[PDB]
Amino acid sequence: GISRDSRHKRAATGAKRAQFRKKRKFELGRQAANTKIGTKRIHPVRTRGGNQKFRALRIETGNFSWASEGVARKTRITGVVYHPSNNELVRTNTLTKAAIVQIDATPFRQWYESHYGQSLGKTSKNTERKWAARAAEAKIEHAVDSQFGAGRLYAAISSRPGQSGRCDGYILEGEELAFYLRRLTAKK
Amino acid sequence: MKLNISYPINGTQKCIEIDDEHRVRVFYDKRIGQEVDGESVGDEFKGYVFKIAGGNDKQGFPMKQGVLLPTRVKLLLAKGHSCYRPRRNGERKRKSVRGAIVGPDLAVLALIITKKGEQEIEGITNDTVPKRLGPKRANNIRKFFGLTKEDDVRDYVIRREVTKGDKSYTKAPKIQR
Amino acid sequence: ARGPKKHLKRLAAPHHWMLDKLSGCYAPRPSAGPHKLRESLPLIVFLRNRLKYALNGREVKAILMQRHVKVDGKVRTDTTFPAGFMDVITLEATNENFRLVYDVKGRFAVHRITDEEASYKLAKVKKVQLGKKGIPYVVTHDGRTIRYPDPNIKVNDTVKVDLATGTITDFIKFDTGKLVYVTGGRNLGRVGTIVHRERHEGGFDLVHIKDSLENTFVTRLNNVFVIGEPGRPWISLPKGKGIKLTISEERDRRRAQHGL
RNA sequence: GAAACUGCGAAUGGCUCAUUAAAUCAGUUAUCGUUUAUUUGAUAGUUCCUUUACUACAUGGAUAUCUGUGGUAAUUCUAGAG
RNA sequence: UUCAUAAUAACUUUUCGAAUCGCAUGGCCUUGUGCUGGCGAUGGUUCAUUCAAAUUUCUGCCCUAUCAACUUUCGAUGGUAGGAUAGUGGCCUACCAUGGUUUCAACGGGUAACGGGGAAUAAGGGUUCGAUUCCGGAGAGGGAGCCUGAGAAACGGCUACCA
Ligand SMILES: [Mg+2]
Ligand SMILES: [Mg+2]
Ligand SMILES: [Mg+2]
Ligand SMILES: [Mg+2]
Ligand SMILES: [Mg+2]
Ligand SMILES: [Mg+2]
Ligand SMILES: [Mg+2]
Ligand SMILES: [Mg+2]
Ligand SMILES: [Mg+2]
Ligand SMILES: [Mg+2]
Ligand SMILES: [Mg+2]
Ligand SMILES: [Mg+2]
Ligand SMILES: [Mg+2]
Ligand SMILES: [Mg+2]
Ligand SMILES: [Mg+2]
Ligand SMILES: [Mg+2]
C-alpha cells in the first residue's frame, strides 16, 4: 500500500494536487528489511514479473573481498560499528548497504599465512620457491596489521541485503580506512 | 446426536443416533485428534476406542482442526486449508467455522474406530467394503503386489469385466511410468 | 487499460491494409511476431482481401490449417500471422510464390515472383552485438538472430538469408551510390540511389535518395533498406519499380494505356 | 466421451464521464533509467566432485474425479472414510 | 558510458541444464528386443524481436484579483547515504542546506470541464460546441487493503468500514 508515485507530492510550484487515479500496483512499495545479525533467515518475495527477491533479515555470515591482493572469503559479520545514514541502525545493529561492520578476520589470516607466511600479530620446495619469487612484496599497510593483531577486520558492506539477500562487501583499506577511522575516533 | 463412525481397514462406515445425555458426556471438552475409550460411550461399544476427527455443528458449520475453541469463529480461509474450496486462484474467503473443541452445540460427530473391541458391530466390524480400483503406476502396482520388480508388471494389472447384456468386455487401467 | 490489448477496431487498422470501413466492427489484430503490427500484414488480410482465394474467416482458417501457406519456408498455421515486408509466402497448390514489397502507392501489393529466387530472402541489419561466451550475432528486421556473421557486417547493412538453412549467404554494405528501398512515411514504395547520408550528430540520421526519373527526396535512415547496386537489384522489383509518377502523369498513363 | 485434476484466458471486449485545470490529452522526444506470459529467431555436454561398487530399460507420497456417511432452512456451503 | 562481452577471486538456506506426449515405426545386421533412427506437440535457461507496460523532455489549456503572495514544523526546493522500487526519482527514512513558484497571473476559487481527432457556422478573420461510433485517461455505490499472474490495487476476484 506504500505508494512511491509523484501525485501525492505537491507540485514544484507548491500547489496541492487533487486526488486522481487511486494508486496502482506498479507503484507499490514494500516494508524495509531492517536486517539483523544471526540465525540466517531469508524470506522470498515474489515481485513484478516473477524475479524472486530475497529479504535477508537476521544474517550472520557472508562473503567479503580484499581489493589489494583481490581475494574473497566467506566470513562472519560481528556487529556494526558505523552507518553513514543513521546511527540508530548502529545502536539497533541493523545491517543495510554501506554499513561498516567488524569481521572475524581469521580466513584472511591463514590465507595470508599459507600465501606469504609473515606471522602477523607479532615445507615443500615448491612453496619455498614461490615465496622466494614473491620476495616479500607483501608490504601491506600498517593499520590492517593493527586490527589483525586485534583480530577483527573493519569492512564496509556493498551488497543490498534488502534486495539480493546476500551480505557481501569489502574490507576498508587504504585511505578509505583512514577516513572512517577518523570518524570512528570522532565517535571515540 | 448423529455419530458418523468409519472403520478404515474394513473400509466401512455407518451412522448412529444417540439420544442419551450421558453417553455423549465423555465427548465433551475433547478436541479433534484425541482418543476416547468406547466403554463410556455405549455398553455395546466394549473394547472399542474412538479417534475424534471432525464434525458438524447444529448450524451445519463443520469444525476445523486446530482451532482449540468450543465455539464458532469467522476465519479467512484460502487454498490448502480445509472447510473451504477456492473457485478462482488465490480466492481468499472469510467464512464461519466451528472450533475444534467438542461441545453441546455439535450435531454430528465424525469418529474413526481404531481398536477392534469385544462385541462386533452389524456391518462394520464384520463386513469389508472392497476397494473400487487398484493401483495405476507401474512401481505402485509392483509395490502393491511385492512383485520382485524385474518381473514384467505388464500382465499383472487388474482387469474389470463388465457385461453389456450381450457382450462381455474388459476394462483395465493404463500403466504410467 | 490494465495489461495488453487484444482487439483492433476496423478504423484503427492501418490505411495500408485498406479494408472496407463498413461490413465489420473490428479488424484482424496481428499476433505477436517478426514484424510490427503497424508495418506487418496478417495472413487473413493477404488471402481473403489481397488474393480473394478465400471468402471469409472460416475459409482462411481452413486454408492455413491444412498447411498450404508457407511463410519463409515455415507453415505458420495461425490466422493473424504478421507476414511483414520482404517475407516469402509459398502456396504449393498453384505452385505460386509471393514476396511482399510495397507498391509505390505504398501498399502490400501482390507480387507473383519466381520459384528459383523464392529460395532466399533479403533482410536489413538492425543490430550487431556480442552474445554470451563472446559469440557475435546479428539481429535483422525480422527479429531473426543469425549467429556467427561476417566480421565486417555492420548496422543498417543488408544481407541475403538463404531461408533454407537460415545462415549468411551474401551481404551489401551501406554507402553512397547504392540501390535502395523505402519502408515508411510519405515515400512508401519508392526506389532510388543514395546520394548523401548526412550524419546529424545526436540522432535521426537522414539520407538523400535520387531515383531513375532523376527525382530527389530525403528519408530517415531507420526508414531505409538497401536493396542492391544501381541497375542490378538483388530482388525482382514490382511493376513500376517505384518511380512515383505524378497524379497528372498517372492520369496520362490511364489515358494512353487504354483499351476497351 | 460426462466429471474432475492440469494448462490458458478471465486484466480483452462493452458501458459511463463522476473525479481531474500543467492534471488528462495532442504533437514531438528519451529509457546508456526499467519489467515484459505469449509470437518469432537463436540458445546448454560439466547435474560425476575423488569417478575402483548407482534406478536411468524410468524415483516417492499425496490428491481430486469416483465409491459411500452426513450436517444446514437455505449459498457455485462441503467435514469424515476408501 | 562502469556498454556488449571476456577474465580472477570467492558466494548461494544452489535457478536451469526434458524421468513429458502424438504419428511413422525406417536402416544396421554385432538376428536381439540388440544397436541406432524421421516428422512433430508441449515444455525449458539466457539473449534478442513483437504485443506492450511504466515512467519521461519542449510547447500548448476555459472564467476569475470582490483570489497577490503561495509552499516548508507533517517534504516544501536541493545535497548525501540508506530503504523500497522492475527501474530513475523526497518515492520514504536519517542528517544537513533554506530553499522552489509568482504581475509573462503563481496560489486560491468556479467549471451544468473528461482531453483530442472533430461538429455547426462561413468572403477573409473568427464564435460556439465536442457526454457519444476512433485514440488516450479515469470509474464500477463512496472509500481504503490485498491474493493469483507476465500483466489488477481487478470489482460479472476477494477483505473491512460507511450508505
Ligand atoms: Mg477496455
Ligand atoms: Mg483549479
Ligand atoms: Mg556490465
Ligand atoms: Mg538515492
Ligand atoms: Mg463533470
Ligand atoms: Mg469527447
Ligand atoms: Mg471538452
Ligand atoms: Mg456530464
Ligand atoms: Mg473510449
Ligand atoms: Mg479499473
Ligand atoms: Mg449505480
Ligand atoms: Mg497467466
Ligand atoms: Mg476496486
Ligand atoms: Mg456488473
Ligand atoms: Mg470488467
Ligand atoms: Mg470472487
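Residue numbers (UniProt numbering), protein chains in the order written: chain E, 2 to 123, 136 to 201; chain C, 1 to 177; chain U, 2 to 261.
Backbone N, C-alpha and C fix where the C-beta goes; we use that ideal spot for every residue, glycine too.
Spatial distance of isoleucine 113 of chain C from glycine 123 of chain C (CA atoms): For the pair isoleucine 113 of chain C and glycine 123 of chain C, the Cα-to-Cα distance works out to about 13 Å.
Per-residue DSSP class, three states only, for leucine 75 of chain C: DSSP places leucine 75 of chain C in strand when its eight states are reduced to three.
C-beta contact flag for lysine 245 of chain U and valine 105 of chain U at 9 Å: Annotated as proximal: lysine 245 of chain U and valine 105 of chain U, with beta-carbon spacing under 9 Å.
Integer Cβ distance of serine 237 of chain U from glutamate 93 of chain U, believed to fall under 8 Å: Contact flag wrong, Cβ pair sits at about 20 Å.
Identity of the residue in C:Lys46, C:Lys115 and C:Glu44 nearest residue 197 of chain C by Cα: Here chain C has residues from 1 to 177 only, and residue 197 of chain C is not among them.
Segment contact, 8 Å Cβ cut-off, at least three pairs: the stretch 155-173 of chain U with the stretch 21-33 of chain U: No, the stretch 155-173 of chain U is not in contact with the stretch 21-33 of chain U.
Residue environment, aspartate 171 of chain U, which counts as buried when at least 16 other CB atoms sit within 10 Å: Note on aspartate 171 of chain U: under 16 other CB atoms within 10 angstroms of its CB, so exposed under the neighbour-count rule.
Of the residues U:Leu222, U:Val192, U:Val227 and U:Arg108, the one placed nearest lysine 211 of chain U, counting alpha carbons only: Nearest C-alpha to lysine 211 of chain U: U:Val192.
heavy atom of ligand 1 below 8 Å from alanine 172 of chain C C-beta: Taking the Cβ of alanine 172 of chain C as the reference point, every heavy atom of ligand 1 lies at 8 Å or farther away.
Best match in E:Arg195, E:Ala169, E:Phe192 and E:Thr198 for proximity to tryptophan 67 of chain E [C-alpha to C-alpha]: Here the closest residue by C-alpha is E:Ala169.
The stretch 52-67 of chain E contacting the stretch 163-181 of chain E, beta-carbon criterion three pairs below 8 Å: They touch, by the three-pair rule.
Distance between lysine 79 of chain C and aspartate 73 of chain U (C-alpha atoms, nearest Å): CA-CA distance, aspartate 73 of chain U to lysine 79 of chain C, rounds to 48 Å.
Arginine 108 of chain U - partner residues in DSSP beta bridges: For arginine 108 of chain U, which the question treats as bridged, DSSP gives the partners U:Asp104.
Rounded straight-line distance, which links the Cα of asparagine 139 of chain C to that of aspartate 152 of chain C: C-alpha of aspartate 152 of chain C to C-alpha of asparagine 139 of chain C: approximately 11 Å in a straight line.
Nearest-angstrom Cα separation, counted from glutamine 119 of chain E out to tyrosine 113 of chain E: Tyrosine 113 of chain E and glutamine 119 of chain E: Cα-Cα distance of roughly 8 Å.
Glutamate 251 of chain U classed as buried or exposed, judged by whether at least 16 other C-beta atoms fall within 10 angstroms: Counting other Cβ atoms within 10 Å of its Cβ, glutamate 251 of chain U stays below 16 and is therefore classed as exposed.
Nearest neighbour of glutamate 61 of chain E, chosen from E:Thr48, E:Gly71 and E:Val81 [CA to CA]: Selected option, being the one with the closest Cα: E:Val81.
DSSP beta-bridge partners of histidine 209 of chain U: DSSP lists U:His197 and U:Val219 as partners of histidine 209 of chain U.
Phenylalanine 175 of chain U beta carbon less than 9 Å from that of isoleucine 147 of chain U: At the C-beta level, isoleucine 147 of chain U and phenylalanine 175 of chain U stay beyond 9 Å of one another.
Three-state secondary structure assigned by DSSP to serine 159 of chain E: In the structure shown, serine 159 of chain E sits in a helix (DSSP, three-state: H, G or I).
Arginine 108 of chain U Cβ short of 8 Å to ligand 16 heavy atom set: Not under cutoff, so the answer is no.
At least 3 beta-carbon pairs within less than 8 Å: the stretch 62-73 of chain C vs the stretch 90-108 of chain C: Between the stretch 62-73 of chain C and the stretch 90-108 of chain C there are three or more inter-stretch CB-CB distances shorter than 8 Å, so the stretches are counted as touching.
Buried versus exposed call for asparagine 188 of chain U [16 or more other C-beta atoms within 10 Å across all chains shown]: A buried status is given to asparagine 188 of chain U, since no fewer than 16 other beta-carbon atoms sit within 10 Å of its beta-carbon.
Distance CB(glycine 63 of chain E)-CB(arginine 179 of chain E) smaller than 9 Å: Cβ atoms of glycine 63 of chain E and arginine 179 of chain E: closer than 9 Å.
Residues near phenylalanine 226 of chain U in its chain [Cβ-Cβ closer than 6 Å; skip 5 each side]: Annotation for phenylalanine 226 of chain U: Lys125, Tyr182 and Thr184 place their beta carbon closer than 6 Å to its own, counting only its chain and skipping 5 residues before and after.
Residue closest to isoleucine 32 of chain C, alpha-carbon to alpha-carbon, out of C:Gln13, C:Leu68 and C:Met1: Of the listed residues, the one whose Cα sits closest to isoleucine 32 of chain C is C:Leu68.
Unbroken alpha helix (DSSP H) run spanning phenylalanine 145 of chain C, endpoints: Annotation for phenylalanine 145 of chain C: the continuous alpha helix (DSSP H) segment containing it runs 138-145.
Those runs of the alpha helix (DSSP H) which lie wholly inside the stretch 38-93 of chain E and span at least 4 residues: Within the stretch 38-93 of chain E, the complete alpha helix (DSSP H) runs of at least 4 residues are 88-92.
Whole-angstrom distance between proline 86 of chain C and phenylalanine 27 of chain C, CA atom to CA atom: Whole-angstrom Cα-Cα distance: 32 Å.
First through last residue of the beta strand (DSSP E) which encompasses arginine 160 of chain C: From DSSP, the beta strand (DSSP E) with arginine 160 of chain C extends over 160-163.
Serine 168 of chain C in three-state terms, based on DSSP: Residue state, collapsed to three classes: strand.
Beta-ladder partner(s) of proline 234 of chain U, from DSSP: In DSSP, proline 234 of chain U forms a bridge with U:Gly229.
Residue burial classification, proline 239 of chain U (beta-carbon count within 10 angstroms, cutoff 16): With a threshold of 16 other beta carbon atoms within 10 Å, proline 239 of chain U meets it and is buried.
Cβ-based burial, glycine 55 of chain C [other Cβ within 10 Å; buried from 16]: Burial is judged here by how many other beta carbons sit within 10 angstroms of a residue's own beta carbon; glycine 55 of chain C has at least 16 and is buried.
Per-residue burial, residue 127 of chain E [other beta carbons within 10 Å of its own, 16 or more giving buried]: The model contains no atoms for residue 127 of chain E, which sits in the stretch where chain E goes from 123 to 136 directly.
Close beta carbons around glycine 162 of chain E, own chain, < 8 Å, minus the five adjacent residues each side: Taken in chain order, the residues that qualify are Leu121, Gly122 and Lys123.
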